[PDB]
Amino acid sequence: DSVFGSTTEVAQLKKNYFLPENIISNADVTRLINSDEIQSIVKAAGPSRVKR
Amino acid sequence: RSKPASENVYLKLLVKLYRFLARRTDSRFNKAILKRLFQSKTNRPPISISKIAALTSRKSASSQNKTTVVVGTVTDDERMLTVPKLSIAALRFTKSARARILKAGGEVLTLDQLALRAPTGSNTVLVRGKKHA
Amino acid sequence: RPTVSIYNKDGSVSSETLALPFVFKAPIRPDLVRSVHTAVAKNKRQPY
Amino acid sequence: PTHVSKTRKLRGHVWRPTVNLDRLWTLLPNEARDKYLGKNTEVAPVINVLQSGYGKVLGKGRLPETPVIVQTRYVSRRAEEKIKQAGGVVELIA
Amino acid sequence: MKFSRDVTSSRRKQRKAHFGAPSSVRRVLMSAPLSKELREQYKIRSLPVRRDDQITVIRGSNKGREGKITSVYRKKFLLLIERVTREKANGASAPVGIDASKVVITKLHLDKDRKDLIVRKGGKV
Amino acid sequence: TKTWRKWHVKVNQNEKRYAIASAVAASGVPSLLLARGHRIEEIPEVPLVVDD
Amino acid sequence: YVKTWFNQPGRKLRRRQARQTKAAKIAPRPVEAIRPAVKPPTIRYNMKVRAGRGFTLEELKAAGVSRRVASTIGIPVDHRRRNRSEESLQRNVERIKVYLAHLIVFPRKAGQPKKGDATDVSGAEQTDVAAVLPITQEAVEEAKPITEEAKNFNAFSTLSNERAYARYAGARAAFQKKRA
Amino acid sequence: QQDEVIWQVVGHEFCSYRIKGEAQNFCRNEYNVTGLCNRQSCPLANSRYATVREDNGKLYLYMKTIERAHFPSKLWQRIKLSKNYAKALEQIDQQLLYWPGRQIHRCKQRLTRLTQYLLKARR
RNA sequence: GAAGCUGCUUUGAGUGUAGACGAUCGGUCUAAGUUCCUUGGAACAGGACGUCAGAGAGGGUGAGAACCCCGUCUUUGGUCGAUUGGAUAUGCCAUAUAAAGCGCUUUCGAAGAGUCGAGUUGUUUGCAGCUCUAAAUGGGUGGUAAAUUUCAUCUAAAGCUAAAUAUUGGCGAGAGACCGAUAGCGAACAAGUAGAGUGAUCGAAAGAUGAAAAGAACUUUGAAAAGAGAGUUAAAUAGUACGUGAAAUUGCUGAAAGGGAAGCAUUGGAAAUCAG
RNA sequence: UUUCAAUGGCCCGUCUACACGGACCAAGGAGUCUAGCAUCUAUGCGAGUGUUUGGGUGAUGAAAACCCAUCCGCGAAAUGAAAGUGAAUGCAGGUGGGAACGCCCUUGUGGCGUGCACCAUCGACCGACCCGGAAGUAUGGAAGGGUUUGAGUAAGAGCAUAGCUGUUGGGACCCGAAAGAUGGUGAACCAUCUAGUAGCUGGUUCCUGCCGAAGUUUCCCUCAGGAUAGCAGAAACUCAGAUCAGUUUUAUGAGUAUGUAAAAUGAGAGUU
RNA sequence: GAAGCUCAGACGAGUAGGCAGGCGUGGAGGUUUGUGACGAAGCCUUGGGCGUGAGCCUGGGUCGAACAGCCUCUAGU
RNA sequence: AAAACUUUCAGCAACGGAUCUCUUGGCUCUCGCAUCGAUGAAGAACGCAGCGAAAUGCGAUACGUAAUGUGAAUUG
C-alpha cells in the first residue's frame, strides 16, 4: 500500500503516483450483456445458424 | 472500419459489448458510439469540464439530470473554480478532472456503467471533442 | 476490500490477516507490459 | 525491427512569460484557495507571479469577486482595472 | 553462483587456464579422492597424487584393479599403473592412462611433507 | 555494424510504473499463474503471504 | 568524431567511490564545505537564491573570524566578490554564525583546549552541511492587507511615462543645458 | 479481475496448457473436457466446470466453487469413480443435472473413451 | 601590505616502543554418493535410494556430473609473513631571550616597455612581418551617453598549482542478444610466416583420426611403391590423402531410349514399385 | 519412377529484332545504421508534459531495476520592422443549419427540440495601418470612426515513448572512369588521403491474395523537370436525392446538328 | 479459438505502383514434466503424406552430440 | 536392326571439400594501472637444448645461475 499507493491517494514511497484507474468499471461483460437492464430492452433475437 | 486498431483488451470489451447493443437494438446512439470507439486517437479529441459545464447550462439549459456522454478524455479546466454537480460518462478522466467532479459535484461513469444505466442512451447528451486540435 | 491469511513456517494458517492492497485492483494489460518489457529488456545490451 | 520492414518483402522484386487573470487563482496552494476565496476576510491573499516565472500579467478572463493583491513586474493596461472591481489591489514589484 | 569480480565464468578462459597450466598447478588438478577408511582416518577428502601411491580404479574398463602409480604423466593429464597395460600389436606392452579423478587412494606414500599437508588440512596424522 | 546503433530505448516513467503494477496485480490471479506455467495446483492462497 | 556514452554507469560508479574514498579519508570533517547565499546576476534569475563560491572579506570581518582561521576550519573565502546590500551582509553573517555554532574544533596537541576550540571530542560526526545549513529561497509574503493607496496608484502613471521620462531624459537634459 | 479479461489474456495467445499447430489449437489443461480452447470450455478463464481423467483403472472428476475460487489448494475437489462404465455414466449425468448442461454431451462422451482404454488396455 | 600603537591567542620542518586502522603481494584452510539395476567400449545417460547448499557460476574427467576433481559460497574472513597509510597512546630530545594572526593607524604604499597601442601586409577578432611608439587614477574592457561622455568592471606585457576531463597505444582484468574457419584481426595451425618486388612496400594458403596410437605384428605376391589376407578398435562406412562427406565431375554394373538434337507440359499404355 | 505415342512448347536475364551477360557446381553476395524533419497508428499523462546531464540505492551478481532533484525544452498568446502593445461582446454569442439523444403525438414517421464536433456565415475581441487627441505625470494616452490587416482570442491541447511510411545528410543498395594531393622508393613506382567526383553500365535474393494507371493533360519554368490533372487510391462528413451520366428523347431560341431547360434510361450519388 | 459460427449474391488478365496475409534463417526472453548415444544435427533416397504456393511432416540408409514446437524480441535473415 | 557410341535413370566406387556439430581465436564494450633509454633502450645479427629443424626461453654462467615457495619430476 505504501509502495503503489492507490487509485485515489498518492503513494507514500512514490511521489505523486496514483494507481491508474480502469477504462471499464466492470470487466464481466457477459453478466452485463445477460443482465436484466439489457436483456429486457433488446429486440427479438434473430435466428442462429439457419437452414439453406 | 470494422474493428479498433488498438490492442487494449479493456477497449475490446467495450467494442464487444457495444457491437451487441448496436446489432440487437435499434438505438442509433449505440451505433454512434460503436463508430466512434473504432476511431483513432486523434479523431477522438479531449473535452473539458468547462466545455461540458457550458454545454449543460446553455441557453434554455434543458440538462437537469441528463448524463453527459463523450467517447474520449475529459480533461480539467483550471480557469473555472466553481464546478456544478454533473454526471459524466467517458472512456477516461484525468486525475484532476475526476477529483474536481467527485469532491464538489455528482458522479463519474465509464461507458459500461452507462450501458447498465441507459442502454438505449435515454436522456443523454452525446458531446464530441474539438477536432480543430 | 477482502483480506488474506498469512501462513507460518510450519505451513499452518496463522491467526492474523491482512487487508488486500489496492495494487491488486489495477487493470491487467498484457499488451502494455509486453511493450514495456520489449523496451526494458534492451537496456542491458552491450554493444558489438 | 527489420523483420517488419519493407526490405523483407521485396526479395525477388529487385524575457517576459505571460499570465492572464483566468490563471492567478490557480497559482495559489490549494489550501490558500480553499480558505481565502469567497470568504469576507479582512486580509486578502497575495499573488507573486514572479515566483511562478511570469513577467507580465495580462488581463484575459473573468475574475472571482474575492479581493486579492497581485505582485508583478509589468501589467497590461486592462489587467489592473479588472482587479479594481474584483476588490483586490495591484502593486508593482521593483 | 560466483560473486567475486575476479573469477571467470567464461568457458573460453576456463579451458585456456586448464589446458595451459604449468606443472606446479597441474599437480593440483591431479587430485584424487581418498577411500572411505583413510578418509575417516585423516578427516581429509582428497590429495594430489604422487608416485608410488597405492590406489584402486573406480571407473572405466580397468575398474577394480589396484596398483601403484609408476609415474604421473602431468602433461597428458594421465596416471600410469603397473600391470595396467595394453598388449601392443607386435608383442610389446604399453600401459594405459587412468585420469586422476577416476582413481582412489588406498595407501598413501606417507612422508614428512605429506604429513604436514595432512595436518595442515585440519586433519589428524 | 557500428557501435553507435541505438541500443537503449526510453520509456515513459509513468508507463513503467503502470506495467509494474499490472504485473503485480496479475501475480494475484491464479488463472494467470497457471497459464504462465507455475504449478500452483496445491498452493493455499494466491496471493501467498508467509510470516515475518 | 563520434562520442559514445557506454561508460555512463561506469563513470557514475567512479564518482561514488571517489566520494566514499574521499569522505572516509577525512571522516571527522564534513565532506562538503559551506557556501554563501548568493543571488544570480540577471533579470531572469535575480529573484532566486543559490550557493556562491565563498564569503567576502566583509562577512568574515563581521563574523569575528580571520581570513586565515576561516580557511583552516573549512570556510571558503572569496576575494573577488564584494557584498553591497547589507542584507547580503546579513544573510551570510548568521550563516557563518550558525556554522560556527554547530562547529566543533578538535584541540591540537593531545586534546588540551586552546582558545575556544572545544572540549568534547567524542562528538565526532560527519554530517551533510546542507542538512544543518540548507539554502532557502526568498521569503515571500502572505496575507497583507489594505494598500488602497496603491489602489489609486494606477500603474502606468509610473510605468508608461517614467519609461518615456527615462527615454527622453537625455534629450531633456541636453535641452536644459542648451538654453541655459 | 474478471473472467473475460482473463480469457483475453491467456486464452487467445499464451497458455501453458495450449497447443498450436498448423492452423488448430488444443487445450491440454487437465480440467477441460472437450480438450479444445474456447471461452465456453476454458479451464483457467471460466468459473466452475466439470471434467474427468484416468488413473490406473478408474476415473475421477474435477469441479470448482465460486466462493473458494481464491484458494487454489481446495479450489478443485476430487471425486472418484471405480465401479462400472455404465454406472459412471448415470453418476456423471446426475452430478450435472443441477448444473448447466452445455458440457454433458462432451463430458459423458469423454468417459466412455477413457473406459474404452481399460478394455483395450486389457486386450 | 610596510612602519608605529594594543592585549588576547597560539607554536617542533624532530626521535624509539605498544595497540588499532587500512593497501598489496607471498603462502595456507574450505559441504555433501562416486551406493545399487538396465543400455553402453566408457555412465557423466535412464531408474531406485540418499546427501550438501552463504556452495544449483564455470571448467575437467572415455556421452547432459551440485555431491570424482579443480573450483564456486562463507571471503568486506581466519591464519601467517613482509613491508608499509598516517593517525592513538607512550618515551626521549627540542630549544622557545622566540615569531606570527587580529583592535588601531598620525602614511606610506613602490606594482612587470619595442610592451600596450596605431597604421600597414599576410593568414586562420587572434597571431605574424614591417615603420612609428606610449602613459600614471594611468591602462584594458564594456553598459551608457554622446561620437564624446559619464558609469561599471579588471589591473596585461613575470610565474606555480591537485580534482572533475581525454585515451583506436602499453600492461593487467571482467564481460557480450557479437563472428563461428571464404566468417571473425592479414594471422584459431610453423602469421607479418612461406613468398613476391632492386627498393619503398606487399603478403597468403592451412582447424577437426580415436576414449587411448592401441598408428596395422605376422604371412604371401611384387625389385619397390603398394596389394591380399590377417591384427588393433565400440567403429577402419575413423588408416595420418584421417569427424560428418553435398553438388559439379569421372568410371563400372543394371535398365531404357535414339534415322539430322534434347530438355518441358497434358492424356493414357507398358514395366517397376508403393499405398490404403 | 522410367519410357513410348498423340498434341502443344523459340533460351534465360537486362536494356532498346537485336545487341549485352551466361561452361558447370558449392559457399559468400547488394535499400544497411544514424541524425533531422513530416504524416499516420498505438501507449502514458493532460494544461501540462519529459528526469536516465546529475544524486541516492542496488554486492550478491550491479553496465540492470528502483527512487529523488524540473535548471531547462516544447506547449499554455498573439501582433509589429522594432520600440512596444499584447486577445470571451452577448448563457465566452448570435445567424442559419447541423451528432446522437432526449422529446413526443406516448407509436414511430414526422416533428418538438437540443445543439456536440462542427459547418458556414456573421456580431464582435487583441496587434498592426489611418483619423482623432477624455485624461493623467514637453510627455502621454483614452472614448470614438474605419470593413485594410492575422492559417489571431472567443471557454486552451499539447508533451513524451515505440512502430510504419516518405524525404533530406552522412560511404548511404551493391559494383565499376581518367584523374589530384601528401609523404616516400628507384633511376617510374609505393602507401595513405579515398569507401571520390558515377548527371551512367551492370546486378539487386521467398510465396500467395487484393487494388491497379500513365503517356497526354494543368500551368510553370534557367534546366531537366516538375507540376497539376487524370488514374489508382488512403482517412472524415453531407443528401435517400433529379444527386449524377463518354446516352437518347422532347421543348425552346439562333441559322440533321447548336446550346439551354425538361422526359427516357442506368446507378446511391458528393466531396474538401 | 465474438479474432468464432452461419446464410446469401456477385466477381476473378495485369506493367509502374498501392495493400494484406503467410513460408524460411541466425541469436534473445518465456513456455512445452519438450526430442536425444535404445542415436541429436547433418547428408542421401525409383519410399510415403500435406499445402494453390513459399515450404512442412515421415519411412529406409549413412551418421555421431546436440536440437526443436509455441508466444514474443531481434537481424550481417 | 545386335554390339559399340551418345543420352537418361538407379546402385556402387572415385573426385571434391560443401553442410552440420564444435573452438586455448578474433571483434566489441567496460574496468584498473603508469613502468623505456648513455647505469646503453626499441630493433637487428650470431650463438646457447643430449638428440630440435619448429615456437618460446636464454647470452660463453647462454631453453639459464643465486634466493624464496611448492614438494618428487622431465617426456617423442
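Definitions and cut-offs
Residues numbered from 1 in each chain as written, not as in the entry; some residues may be left out. Chains lettered and ligands numbered in written order. Part of a larger assembly, values for the part shown. Heavy atoms only, no water. Residues with missing side-chain atoms left out of burial classes, pairs and counts. Helix = DSSP H or I, 4+ residues; strand = E, 2+ residues; numbered from the N terminus. Rg over C-alpha atoms; globule rule 2.2 N^0.38 Å. Buried < 20%, exposed > 50% of the residue type's maximum accessible area, 1.4 Å probe, protein only. Areas by Shrake-Rupley, 256 points an atom, 1.4 Å probe, with all protein chains shown as cover. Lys, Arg positive; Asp, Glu negative; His and termini not counted. Charge placed at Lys NZ, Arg CZ, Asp CG, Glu CD. Near = heavy atom within 4 Å. Polar contact = N/O pair within 3.5 Å; in protein donor to acceptor, adjacent residues only side chain to side chain. Contact = heavy atoms within 4.5 Å. Buried area = accessible area lost by both parts, 1.4 Å probe. Salt bridge = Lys/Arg side-chain N within 4 Å of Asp/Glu carboxyl O. Nonpolar A, V, L, I, M, F, W, Y, C, P; charged D, E, K, R; others polar. Pairing = 2+ DSSP bridges. Axes fitted to C-alpha atoms, helices over the stretch in contact; angles between N-to-C directions. Patch = residues over 30% accessible without salt bridge, like charges linked within 9 Å, V, L, I, M, F, W, Y side chains within 5 Å. Arc of directions from axis to C-beta. Core = buried A, V, L, I, M, F, W, Y, C linked by side-chain atoms within 4.5 Å. Disulfide = S-S within 2.5 Å.

Regarding how it was determined, this PDB entry cites cryo-EM in its header, along with a resolution of 3.2 Å.

Engineer: Explanation requested: the overall build of chain F in the structure shown.
Structural biologist: What chain F contains, in helices and strands, is 2 helices and 1 strand. Counted from the first residue to the last, chain F has its helices and strands arranged as α-α-β. Taking 52 residues into account, the globule formula puts the C-alpha radius of gyration at 10 Å, and chain F, at 18 Å, lies well above it. Along the three orthogonal principal directions, the C-alpha set of chain F runs to about 50 × 25 × 25 Å. Going through the 52 residues of chain F one by one, you find that 40% of them count as buried. Counting every atom, chain F has about 3,200 Å² of accessible surface; 53% of that belongs to carbon and sulfur. Averaging the positions of the 8 positive and the 6 negative side-chain charges in chain F gives two centres separated by 28 Å.

Engineer: How should I be thinking about the protein's contact with RNA strand J in this particular structure?
Structural biologist: Surveying the vicinity of RNA strand J reveals 111 residues, the closest of which are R28 and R92 of chain B, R78 of chain D together with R16 and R163 of chain G. Among atoms of RNA strand J positioned within 4 Å of the protein, sugar and phosphate together represent 65%. At 3.5 Å from a phosphate oxygen of RNA strand J is found a main-chain nitrogen or oxygen belonging to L10 of chain D. Within the backbone of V14 of chain D, a nitrogen or oxygen atom sits 3.2 Å from a phosphate oxygen of RNA strand J.

Engineer: What am I meant to see in the interface of chain A and chain H here?
Structural biologist: Where the parts come together, the accessible area they lose is often given as the size of the interface. Taken together, the contact pairs 6 residues of chain A with 5 residues of chain H. With both sides pooled, the region where chain A packs onto chain H buries about 420 Å², and carbon together with sulfur makes up 31% of that total. For chain A, the biggest contributors to the area lost against chain H are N22, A27 and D28 of chain A; these three give 74% of the whole. Here chain A and chain H share 0 salt bridges between them. Residue classes in the side of chain A that touches chain H are distributed as 2 nonpolar, 3 polar and 1 charged.

Engineer: Is there a simple way to explain the environment of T73 of chain B in this structure?
Structural biologist: Residue and element names in this part refer to chain B. Along the chain, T73 turns up in strand β3 (residues 73-75). For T73, a relative accessible area of 23% corresponds to the partly exposed category. Taking the C-alpha atoms as reference points, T73 and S48, separated by 25 residues in sequence, lie 8.2 Å from one another. Not counting residues up to four positions away in its chain, the partners in contact with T73 are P46, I47, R92 and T94.

Engineer: Would you mind going over the sheet that holds strand β2 (residues 46-48) of chain D with me for this structure?
Structural biologist: Within a sheet, adjacent strands bond to each other through the backbone by hydrogen bonds, running parallel or antiparallel. Residues and elements named next belong to chain D. A sheet is described by the order of its strands in space; here 3 strands give the open sequence β2-β4-β6, paired in parallel fashion. Of all strands in the sheet, those bounded by a partner on one side alone are β2 and β6 (90-92). Pairs of neighbouring strands in the sheet enclose a mean axial angle of 20°, with direction left out of account. The pairing of strand β4 (residues 69-72) with β6 spans 3 bridges and is parallel.

Engineer: Help me understand a negative patch on the surface, please; the structure alone is not making it clear to me.
Structural biologist: On the surface, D10 and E16 of chain C together with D51 and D52 of chain F cluster together into a patch of negative charge. Its location among the elements puts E16 of chain C in strand β2 (residues 13-19).

Engineer: Would you mind going over the side chain of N29 of chain H with me for this structure?
Structural biologist: All names here are of chain H. Its location among the elements puts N29 in the loop between β2 (25-27) and β3 (51-55). Among the residues examined, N29 registers a relative accessible area of 8% and is labelled buried. In this structure, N29 is in contact with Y17, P43 and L44, ignoring residues within four places of it in sequence.

Engineer: Could you clarify how one ought to interpret the arrangement of the chains in this entry?
Structural biologist: Contacts between protein chains span 13 pairs of chains, and they are most numerous for chains C and F. A minimum C-alpha distance of 20 Å separates chain B and chain G, which share no contact. With no contact between them, chain E and chain G keep their nearest C-alpha atoms 15 Å apart.

Engineer: Just to check I follow, could you spell out helix α1 (residues 30-40) of chain C for this structure?
Structural biologist: Since one α-helical turn is 3.6 residues long, residues separated by three or four positions face the same way. Buried within α1 of chain C we find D31, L32, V36 and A39 of chain C. Taken around the axis of α1 of chain C, the buried residues stretch over an arc of 130°, which confines them to a single face. Turned more than 90 degrees away from the buried face of α1 of chain C, the exposed residues are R34 and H37 of chain C. At its buried positions, α1 of chain C is contacted by α1 (9-24) of chain B together with α1 (13-26) of chain F.

Engineer: How should I be thinking about the nonpolar core in this particular structure?
Structural biologist: Side chains of nonpolar character tend, in soluble globular proteins, to be buried together. With 85 residues, the main nonpolar core has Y10, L14, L17, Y18, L37 and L111 of chain B as its most contacted residues. Per-element accounting of this core gives the leading share, 11 residues, to α1 of chain B. Beyond its immediate sequence surroundings of up to four residues, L14 of chain B is in contact with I23 and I24 of chain A together with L37, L91, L111 and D112 of chain B. Grouped together as the second largest cluster of nonpolar side chains are 21 residues, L38, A100, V103 and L108 of chain E included.

Engineer: When you look at the state of the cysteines in this model, what are you seeing that I'm missing?
Structural biologist: Linking two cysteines covalently through their sulfur atoms gives a disulfide. Residues and elements named next belong to chain H. Applying the stated criterion across every chain, the model contains 0 disulfides over all chains. With no disulfide of its own, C37 lies closest to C42 among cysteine sulfurs, the gap being 4.9 Å. The buried category is assigned to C37, whose relative accessible area is 17%.

Engineer: Which parts of the structure should I look at to understand the protein's contact with RNA strand L?
Structural biologist: The immediate surroundings of RNA strand L are formed by 26 residues, with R11, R12, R51, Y73 and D113 of chain E found nearest. The sugar-phosphate backbone supplies 77% of the atoms of RNA strand L found within 4 Å of the protein. In the environment of RNA strand L, a base oxygen lies 2.6 Å from a nitrogen or oxygen atom belonging to the side chain of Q46 of chain C. Within the residue set of the surface near RNA strand L, elements represented by two or more residues are α1 (11-19), α2 (23-29), β4 (66-73) and α4 (112-120) of chain E together with α1 (8-25) of chain G.

Engineer: Sorry, what's going on with the interface of chain F and chain C here?
Structural biologist: In this assembly, 28 residues from chain F lie in contact with 25 residues from chain C. Buried area between chain F and chain C, both sides added, is near 2,400 Å², and the carbon and sulfur share of it is 67%. Of all residues in chain F, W7, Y18 and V49 of chain F bury the most surface against chain C, accounting for 25% of the area lost on that side. Taken together, chain F and chain C are joined by 0 salt bridges. At the boundary of chain F with chain C, the tally comes to 9 residue pairs in polar contact. Counting only elements with at least two residues in the side of chain F that touches chain C, the list comes to α1 and β1 (49-50) of chain F. Of all the elements, α1 of chain F adds the most residues to the side of chain F that touches chain C, at 9 residues. Each residue belonging to the side of chain F that touches chain C can be placed in one class, and the counts come to 15 nonpolar, 6 polar and 7 charged. As defined by bridge partners, strand β1 (residues 3-7) of chain C adjoins β1 of chain F across 2 bridges and the pair is classed as parallel. Opposite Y7 of chain C, over in β1 of chain F, you have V50 of chain F as the bridge partner.

Engineer: What exactly am I supposed to notice about the pairing of strand β4 (residues 58-64) of chain H here?
Structural biologist: Looking along a regular strand, one sees the side chains alternate between the two faces of the sheet. Residue and element names in this part refer to chain H. For β4, a buried count of 7 out of 7 residues is recorded, marking the element as mostly surrounded by other parts of the structure. What you see with β4 is no split at all: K58, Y60, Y62 and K64 on one side and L59, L61 and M63 on the other are buried throughout. Adjacent in sequence and paired antiparallel, β3 and β4 are bridged by 2 residues, among which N56 carries a positive phi angle near 35°. In terms of strand pairing, β4 meets strand β5 (residues 76-81) through 6 bridges, oriented antiparallel.

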